[PDB]
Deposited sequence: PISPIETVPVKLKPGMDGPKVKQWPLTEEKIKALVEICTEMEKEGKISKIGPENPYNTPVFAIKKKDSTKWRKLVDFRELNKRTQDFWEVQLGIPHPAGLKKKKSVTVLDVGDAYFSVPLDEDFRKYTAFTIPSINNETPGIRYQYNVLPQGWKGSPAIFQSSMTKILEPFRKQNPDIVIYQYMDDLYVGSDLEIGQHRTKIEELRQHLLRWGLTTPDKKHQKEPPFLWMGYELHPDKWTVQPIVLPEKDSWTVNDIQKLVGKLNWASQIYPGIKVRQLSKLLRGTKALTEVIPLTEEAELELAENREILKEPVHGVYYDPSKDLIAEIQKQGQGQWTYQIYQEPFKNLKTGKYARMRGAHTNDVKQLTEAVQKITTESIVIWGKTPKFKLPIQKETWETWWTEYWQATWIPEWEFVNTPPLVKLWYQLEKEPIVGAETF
């Protein structure tokens, strides 16, 4: 087992991200996990002469078993670049397996190890941080699926041969396994595969697209119509084909907001055609892998979240709704982000970049307390115009 040379993109240095503070539970786990990882030569201690760093934390999946998670998002951004089944988004049942432990068997190019440095904090800073670095393929680095792809093919080959109707997709530490089996059939197949690999659960078709939908009411006020004309004027951008002139003609004069306005039969019908121009599928939007998926999320209230995935403005690839319930917005929002990412990995095998409707600090204070994925999407924080959140309302 000799190593594959790996480069950083040209004109790019390795990551230098400060570790954030961890809870006692998480540190206790990381220290225990790292000890064992060091015993098995999988990681080595390093000093401060290594100038690179990358955060670590840990998630507890009802278990007694923690999972180390290294936030390699910078390193991935900085690593020299390296199979997508359209049939995976159709399976009645898709299961997600953690094949991250597979990478610890392949060593890692000695000249690259320095960029995988991470640091473990101590409670109350009783000690300096303890710095490690990887000697094998790290979980969460985008290099590890690449290097191991060759081996990964050899392993699933007979399982794919024997089950040519089952589709197996790999993204990072993850193995997506989709079948058209009644549940139990599929389950017994999943444990057939995992037992086969020592030697819960998804349903991609019951996924929903959330249309833009217009109010239906029998008497309209000036306020009603003004909100309506505002909603359509913006949807004009997404769907060319939506018209406001006839409705906007009812707002002639300077009327009181609560005045009721009889709908002229022109405007009554124009409002009808628009309704259908919303249900008609959006036109002219081709998934480009050379540009990243942007995802916007909007808080609709009462545990309702809307989202849109697009690569260019108003050119949506998908638009959805995520519904929940001591309600916790941060918990719900990260559950949404994991839900949207998963759907995105399934459909286009690329992770989206989230525009998050939350204060940066609030998000960084709590998101890891509800993270359950082995990957971490990139994200940025936005103060969303309270207009957009009404556009997608149900």
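Numbered from the first deposited residue, the unresolved ranges run 1-4, 66, 88-94, 212-231, 358-360, 430-440.
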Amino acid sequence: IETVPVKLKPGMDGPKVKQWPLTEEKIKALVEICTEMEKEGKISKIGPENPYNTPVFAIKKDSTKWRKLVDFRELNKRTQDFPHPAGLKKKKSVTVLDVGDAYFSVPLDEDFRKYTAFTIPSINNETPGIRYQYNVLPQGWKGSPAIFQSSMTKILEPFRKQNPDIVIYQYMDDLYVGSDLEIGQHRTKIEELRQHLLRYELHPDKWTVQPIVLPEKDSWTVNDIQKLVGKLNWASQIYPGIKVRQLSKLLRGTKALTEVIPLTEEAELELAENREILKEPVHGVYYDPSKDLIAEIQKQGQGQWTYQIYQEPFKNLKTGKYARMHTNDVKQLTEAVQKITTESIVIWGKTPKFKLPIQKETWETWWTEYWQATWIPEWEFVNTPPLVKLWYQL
From here on, numbers count along this sequence of modelled residues.
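For the pair 22-30 and 331-339, the mean Cα B-factor is higher in 331-339. For the pair 216-224 and 84-92, the record assigns the higher mean C-alpha temperature factor to 84-92. Highest C-alpha temperature factor among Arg187, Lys315, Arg78, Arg113 per the entry: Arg187. Comparing the C-alpha B-factors of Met172, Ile242, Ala256, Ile261 in the entry, the top value falls on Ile242. Among the modelled residues of its chain, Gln298 has a C-alpha B-factor that falls in the lowest third according to the deposited record. When all modelled residues of the chain are sorted by CA temperature factor, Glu369 is found within the middle third. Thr119 sits in the lowest third of its chain by CA B factor, as recorded in the PDB entry. When all modelled residues of the chain are sorted by CA temperature factor, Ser63 is found within the highest third. Looking at the C-alpha B-factors along this chain, the one for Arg160 belongs to the highest third.
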